């Protein structure tokens, strides 16, 4: 009767949830939608409300979701990708500059091993240091203190906040390839709740779905997760799916980067697929043709094996 949407009580999480509910309300104007925000402390917590039928769907950043969700849960929707690239926000004293033009030994703030490793490699004159907090906290640390000359953040996050204008530089893949699933939202639901799966299925963007299957199958086959120096770049053009992937030592000195492609046409039409089909890297998309889904998963596995053949595991085990 009433679709309940669970959400973390944080701000980027609530913004993300609201944009999804809004898209669902566009498709289903005749349906009641309710947002329930939950304390994760007391003043997985979301999954607990799902299996307990206290909410019906939960919106996540796709890169925050592990490569295999616990059974009973699935990613029922991969929404159209927002900007996937990493961005730089500069200290007030350094607006108008670039990472090349920052003074040597300027400190750049990031807690992402993927970002630090890639950017140490490409800008040795800089230092990268851990910084903590949500986006508002890191921006207050950048603005009010003199410790950091710049911070690294996901563009997509600054755009959900409406803080576009704090982006000084957007990193091209030759400087910093993005995280698996960066910029795409993922809708987690009960694996067996067919009504809600069909319902959120309207949000699958076929292209984003496939490139995020390729990226997640690549990540899973390297046995990785959110916090590892692995990075990817995908694109679909001319009927081809291009997957570029890389791994880095924490300092960035050891690296492996390779690319493969496969013929995979972006599906136009929706279909009534089988309900018995197993999920792919934690994703369920019965309304999208299964073939391209499986081809995209195969592209991720292949590249991962090629990296593994070149010694990617000994780099990852040390991280």
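Here, rigid core means the biggest group of C-alpha atoms that superpose within 1.5 Å across both forms. Positions refer to the first chain, counted from 1.
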- Query: Hey, after superposing on the core, which one moves around more in 6 other deposited structures of this protein, 239-247 or 90-98, CA-wise?
  - Reply: 90-98
- Message: Between 150-158 and 226-234, which has its CA atoms farther from the current form in 6 other deposited structures of this protein, using a rigid core superposition?
- Response: 226-234
- Query: Quick one: is residue 40 left out in at least a third of the other entries we compared?
  - Reply: yes
- Task: Check the entry and tell me how many residues of the deposited sequence have no coordinates between residue 43 and residue 44: none, 1 to 3, 4 to 9, or 10 or more.
- Result: 10 or more
- 176-184 versus 70-78: which one carries the higher mean Cα B factor per the record? 70-78
- Query: Out of 117-125 and 81-89, which stretch has the higher average CA B-factor listed in the record?
  - Reply: 117-125
- Hey, out of 194, 208, 106, 244, whose CA B-factor is highest in the deposited coordinates? 194
- Message: For the CA B factor values reported in this entry, which option in 149, 155, 112, 145 has the top one?
- Response: 145
- Record-listed C-alpha B factor of residue 214: chain third: lowest
- Task: Determine, from the deposited record, the chain-internal third of the Cα B-factor for residue 190: lowest, middle or highest.
- Result: middle
- Message: Based on the deposited C-alpha B factors for this chain, I'd like to know if residue 293 is in the lowest, middle or highest third.
- Response: lowest
- Of the three thirds of the chain ranked by Cα temperature factor, residue 99 occupies the highest
- Based on the entry's values, in what third of the chain does the Cα temperature factor of residue 162 lie: lowest, middle or highest? middle
